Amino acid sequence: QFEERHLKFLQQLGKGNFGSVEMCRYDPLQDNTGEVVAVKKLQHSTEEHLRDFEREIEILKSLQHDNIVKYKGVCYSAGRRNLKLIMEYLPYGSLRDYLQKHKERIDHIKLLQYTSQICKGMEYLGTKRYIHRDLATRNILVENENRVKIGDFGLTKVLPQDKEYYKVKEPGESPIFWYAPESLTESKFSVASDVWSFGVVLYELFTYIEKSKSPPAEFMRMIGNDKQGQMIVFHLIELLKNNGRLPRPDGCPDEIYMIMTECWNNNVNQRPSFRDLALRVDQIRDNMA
């Protein structure tokens, strides 16, 4: 639907490093009335990355939910080379940056509003048997002060019809400090490992993204900052096997930390569902108000 010649570059919005997202104006009438949109492209367009990007595009196109960023279309030059994904532009950036910038004015009730929206978006993914695999506040976007959306799906996979997990190992750096133990040890991804990562998201929110309190900083402190390369993963695995966990964030109530620790269960089958997480968050939020 979109022609590359009418996309005017304005700035880069994010880089995630087989791809990037740009802010552009789509101005087909060339009179500066077109709308500002978000444009995702590959940073190094190998055939493998292009096949993955096509699947990512189909996944996002199949999703319609208030808390999932909106698909708008695709753009390609040449024949079908230079594939680009066109999405709605969300003006407040990632939740990670937004939260950090406004920490003094965002209270716990608001954090739980965001939490509940994230759980509803994730439950919807689950109804389609999609596994996000990269849940983190850097992959959540803020549309306005009352609404966030899951904002990136570059690692999302569809479960096989006959299995409840998807086994995949990418080359290179993986966000290991958000990974469930079974993703670290067996490369198994499932709704339940998304629930583990959601617990880490909840942790991030209640730390208000304070620098020294990030999951990597906390876990590296727990394993020893001396550790390097491949040993980091090994020690993380052992740390999690021994029920080492991220600490309760400053100011976080016990009942919210308990949601985190229940998501961080070593037993995959005992982690809560996204519907129950949303139910519990909404009950705490009602109580607080």
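Each form is matched to the other, and the largest set of C-alpha atoms that superpose within 1.5 Å is called the rigid core. Residue indices: 1-based, along the sequence shown.
Where the structures in 7 other deposited structures of this protein are fitted on the rigid core, 46-54 is the one of 46-54 and 256-264 whose C-alphas sit farther from the shown form on average. Looking at 36-44 and 65-73, the one farther from the shown form in 7 other deposited structures of this protein by average CA distance, after a rigid core fit, turns out to be 36-44.
Checked against the other entries of this protein, residue 17 counts as unresolved in at least one third of those spanning it.
Residue 171 is a gap in at least a third of the other entries compared, counting only those with both neighbours built. Relative to one another, 111-119 and 71-79 have unequal mean CA B-factors, and 71-79 is the one with the higher figure. Mean CA B-factor, 36-44 versus 223-231: the higher value falls on 223-231. The entry lists C-alpha B-factors for 238, 250, 66, 56, and the highest of these is at 238. Per the deposited record, the Cα B-factor of residue 163 falls in the highest third when ranked against the other modelled residues of its chain.
Annotation for residue 243: CA B-factor lies in the highest third of the chain's modelled residues. Placement of the Cα temperature factor of residue 30 within the chain: highest third of the modelled residues, per the deposited record.
In the deposited entry, the Cα temperature factor of residue 93 places it in the lowest third of its chain's modelled residues.
Ranked by Cα temperature factor within the chain, residue 132 sits in the lowest third according to the deposited record.
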